[PDB]
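Trainee: Dropping the structure in here first, questions after.
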Amino acid sequence: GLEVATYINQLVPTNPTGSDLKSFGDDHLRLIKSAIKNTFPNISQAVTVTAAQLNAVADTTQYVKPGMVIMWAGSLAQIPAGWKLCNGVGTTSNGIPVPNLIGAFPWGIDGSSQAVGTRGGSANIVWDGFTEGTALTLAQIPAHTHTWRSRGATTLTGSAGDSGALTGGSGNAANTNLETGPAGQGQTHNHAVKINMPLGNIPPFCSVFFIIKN
Amino acid sequence: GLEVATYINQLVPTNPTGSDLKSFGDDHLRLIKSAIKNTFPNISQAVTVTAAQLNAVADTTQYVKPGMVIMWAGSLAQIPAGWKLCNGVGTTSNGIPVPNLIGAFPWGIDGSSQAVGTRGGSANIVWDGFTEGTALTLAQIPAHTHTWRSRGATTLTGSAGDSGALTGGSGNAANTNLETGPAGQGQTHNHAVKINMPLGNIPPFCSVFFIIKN
Amino acid sequence: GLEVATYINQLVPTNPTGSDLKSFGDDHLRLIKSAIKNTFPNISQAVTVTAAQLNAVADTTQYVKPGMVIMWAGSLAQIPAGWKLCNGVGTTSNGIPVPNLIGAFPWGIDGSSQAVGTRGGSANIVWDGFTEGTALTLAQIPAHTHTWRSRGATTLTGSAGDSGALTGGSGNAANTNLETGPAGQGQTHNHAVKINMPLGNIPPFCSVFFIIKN
């Protein structure tokens with residue numbers, strides 16, 4: 001007979017039976033047209049895709065799920081919709097907090113060594129140098145000599161009966177041109193280093209934005 | 001005449017010619033309905049997209065290809081389907097080996113300097129401290145002297161006819177209160193360093209997961 | 001009446017009124033078929049997706065825009081179409097300049113500290129070693145002594161009345177076996193370091209390509 005259908009899913013593929021009257025046939029035609037106009041109200045051009053391509057839409061693994069992060073080479077004004085700069089401020093659509101990547105690096109973690117989004121390391125933390133002593137040899141000292149000057153007006157008691165003793169009374173120190181044998185030459189005394197070096201050395205980098213999909 | 005079609009592609013646009021019998025017209029109607037019901041069996045609501053949007057599905061360059069890798073800001077449990085953690089184990093669908101990114105950084109390469117996925121650099125390789133000696137000056141030595149002591153009971157052979165010589169035999173060393181000239185005062189001696197420092201320094205980073213699309 | 005329609009959007013859902021002639025009805029049928037054949041020229045199999053999935057195509061937040069950059073684990077030959085190596089050469093389709101990531105690291109910037117694509121830091125900048133001096137103690141000297149050698153034929157003017165002075169003129173240097181008191185033994189003198197160390201120590205990394213979506 002005749003049925004009420006708004007969308008194509010409600011069409012009855014056997015309704016206009018052979019015994020039905022022709023006076024309703026016109027209505028049937030109208031009905032069919034109506035159905036199409038209620039299912040594709042905006043289609044006006046040719047749809048050239050095939051059935052396989054249309055069925056491929058159902059796959060969702062292709063589509064980018066919320067929560068991924070990317071680095072952005074464009075300006076901040078042209079940031080794509082649904083992506084927020086990874087400033088560490090705010091949460092995503094599902095509530096995951098935005099990580100902070102400003103002036104940092106992506107350090108691959110297993111989720112157990114560090115908490116996700118943890119910021120660590122620095123280019124300049126603390127600095128201190130420290131050597132250690134050198135076992136000096138006799139030649140470590142320079143080619144130095146000790147001048148021999150007898151204190152005051154020294155009168156050495158060397159005669160027949162008294163042993164030779166440089167008995168020097170206080171007074172004008174008689175600087176004789178007497179010298180003692182030089183010792184040492186000023187050789188090389190070497191040390192090791194136990195420097196404190198948390199000063200980080202930044203390798204070559206590039207400056208790019210960081211945006212996480214909302 | 002009349003045709004039999006399973007899908008809309010087999011509909012004949014000129015079949016019900018003006019010379020055909022009217023008793024077949026009903027059949028035609030049924031046929032049309034059947035065709036639609038076999039081509040869109042799951043469509044029940046309005047489809048508001050336009051032809052251009054539907055034709056855009058054929059474009060695949062925007063679709064993300066297998067083997068792409070990304071940083072994931074969520075937990076390991078909430079990893080999106082089609083992605084595997086960057087543990088360096090296994091291969092992709094097309095056979096690309098999985099690189100290991102745990103505890104590493106993304107080092108941009110041109111494919112000629114290093115092989116893709118190669119792990120280089122380390123936070124601790126080796127260390128050695130090594131200064132060198134200083135060309136010491138005469139004042140490098142501290143304020144030190146050498147006391148004048150005579151070995152044994154040293155007696156000078158100083159008389160009228162014998163040259164004064166402190167000819168001292170073995171005996172009790174009588175140390176007289178004589179002191180030689182001081183040499184030096186202990187000035188500053190500087191060294192340079194030839195340190196061996198491959199011990200890597202960790203710059204600022206952030207802790208995130210890494211997953212590659214299967 | 002009868003209308004001229006090429007696509008489904010031009011169909012009049014109320015055209016075949018009840019007062020129209022039967023002789024035109026056949027034409028109506030043809031028209032409908034033609035419309036469908038002109039709207040889906042390539043559909044030849046069942047389309048099992050639902051209305052909601054087709055409607056979801058209109059969303060573009062699901063679509064990765066031109067401009068962002070990704071890192072790639074595959075070979076250079078198998079780079080996906082529409083992606084060009086981030087060699088710093090050229091611009092995108094919308095005009096975003098290509099950053100250079102060869103031998104670089106991703107440095108997150110807020111758009112004010114640095115411009116996009118800025119490169120800094122190096123693996124080998126400069127190196128200088130520099131210790132400092134230490135105030136040497138009196139014990140810093142090694143176990144060294146100075147011999148008491150008398151210049152020339154040294155004779156003391158020691159008589160009964162004349163002060164004993166080792167008045168030694170030039171001549172044969174008479175070396176008496178007299179040794180002055182040794183001082184020091186060469187103990188530990190310690191310093192610090194003020195090394196100039198910008199040579200980059202690259203932390204552990206991995207080698208991955210960098211490609212920008214054109």
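Trainee: Shielding of B:87-93 by partners, i.e. mean partner chain Cβ atoms within 10 Å per residue?
Mentor: 1
Trainee: Mind listing P(r) for the stretch B:8-58? All alpha-carbon pairs, 10 Å bins, whole percents.
Mentor: Calculated P(r), rounded to whole percents: 18, 35, 29, 15, 2.
Trainee: Further question: So what is the relative contact order for the stretch A:101-214, in percent, with contacts set as C-alpha pairs under 8 Å and at least six apart?
Mentor: 36 percent
Trainee: Compute for the stretch C:80-187: radius of gyration divided by Kirkwood radius, i.e. Rg/Rh, restricted to C-alpha atoms, rounded to two decimals. Walk me through the intermediate numbers first.
Mentor: On the way: Rg = 39.0 Å, Rh = 22.9 Å.
Answer for the stretch C:80-187: 1.70.
Trainee: I would also like to ask the following. Can you pull the percent of Cα pairs in the stretch B:1-151 with separation above 27 Å?
Mentor: 68 percent
Trainee: While we're looking at this one, here's another question. Counting only C-alpha contacts under 8 Å and six or more residues apart, can you give the relative contact order of the stretch A:1-125 as a whole percent?
Mentor: Rounded, it is 13 percent for the stretch A:1-125.
Trainee: Still on this structure, I have one more. Can you list residues from other chains, or at least 5 along the same chain, whose modelled amide H is less than 5 Å from the amide H of C:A104?
Mentor: Here the answer is B:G108, since their amide H atoms fall under 5 Å of that of C:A104.
Trainee: What number, in percent, do you get for the relative contact order of chain A if the mean sequence gap of Cα pairs under 8 Å and at least 6 apart is divided by its residue count? It would help to have the intermediate numbers written out before the result.
Mentor: Details: 268 pairs, mean separation 52.9, N = 214.
Computed over chain A, the figure is 25 percent.
Trainee: At B:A52, label 7 Å along Cα→Cβ: distances to the other copies, nm, ascending?
Mentor: Going from nearest to farthest copy, the values are 2.8, 2.8 nm.
Trainee: Could you work out the mean projected area of the convex hull around the alpha carbons of the stretch C:149-214, in square nanometres to one decimal?
Mentor: For the stretch C:149-214, averaging the hull's shadow over all directions gives 14.2 nm².
Trainee: Same structure, new question: How many angstrom separate the Cα center of the stretch B:109-162 from the Cα center of the stretch A:150-214?
Mentor: When both Cα centres are located, 11 Å separates them.
Trainee: Shifting gears a bit: Spelling out what I want: for every residue of the stretch A:44-53, take phi, set θ = phi - 60°, compute 6.51 cos²θ - 1.76 cosθ + 1.60 (Karplus), and round to whole Hz; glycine and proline get x.
Mentor: So the Karplus estimates, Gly and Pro as x, are 9, 10, 5, 9, 8, 5, 9, 5, 5, 5 Hz.
Trainee: For helix B:25-39, what angle does its Cα long axis make with the longest principal axis of chain B, in degrees from 0 to 90 and rounded to 10?
Mentor: 10 degrees
Trainee: Further question: 5 Å is the cut-off here: which amide hydrogens, built 1.01 Å from N in the peptide plane, fall below it relative to B:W83, excluding neighbours closer than 5 in sequence?
Mentor: Residues meeting the amide H criterion: B:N214.
Trainee: Here's a follow-up. In straight Cα distance, which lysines are under 26 Å from B:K194, not counting same-chain residues fewer than 8 positions off?
Mentor: Counting by Cα, and skipping residues close in sequence, B:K194 has these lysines nearby: A:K194, C:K194.
Trainee: Can you compute 3J(HN,Hα) from phi for each residue in the stretch B:122-132, using the Karplus curve 6.51 cos²θ - 1.76 cosθ + 1.60 with θ = phi - 60°, rounded to whole Hz and x for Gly and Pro?
Mentor: Coupling constants for the stretch B:122-132: 7, 6, 8, 9, 6, 8, 8, x, 7, 8, 9 Hz.
Trainee: Is there a simple number for the mean count of other chain Cβ atoms within 10 Å of the Cβ of residues in A:20-32, and what is it?
Mentor: 5
Trainee: Next question, about the same structure. Does anything in the stretch C:17-58 have its amide N under 14 Å from the 7 Å Cα→Cβ label point of B:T50, and if so which residues?
Mentor: Flagged as within label range: C:58.
Trainee: First measure r as the distance between the Cβ atoms of B:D59 and C:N94, then evaluate 1/(1 + (r/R0)^6) with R0 = 25 Å and state the FRET efficiency to the nearest 0.05.
Mentor: That pair, B:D59 with C:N94, gives E of 0.90.
Trainee: Report the dimensions of the protein assembly as shown along its three principal axes from the alpha-carbon atoms, largest first, rounded to Å.
Mentor: 171, 39, 39
Trainee: Additional query: Under 5 Å between amide H atoms, partner at least 5 residues away or on a different chain: which partners does B:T167 have, H built in plane at 1.01 Å?
Mentor: B:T155, B:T157
Trainee: Could you go through the stretch B:81-96 in sequence order and give the Karplus-derived ³J(HN,Hα) for each residue, using 6.51 cos²θ - 1.76 cosθ + 1.60 with θ = phi - 60°, rounded to whole Hz, and x for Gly and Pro?
Mentor: 5, x, 10, 10, 4, 7, 8, x, 10, x, 10, 9, 5, 7, x, 5
Since every read-out is calculated from the coordinates, none of them should be taken as a lab result. Here the Cβ is made from the backbone with ideal geometry for all residues, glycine too, and neighbour counts use every protein chain on show.
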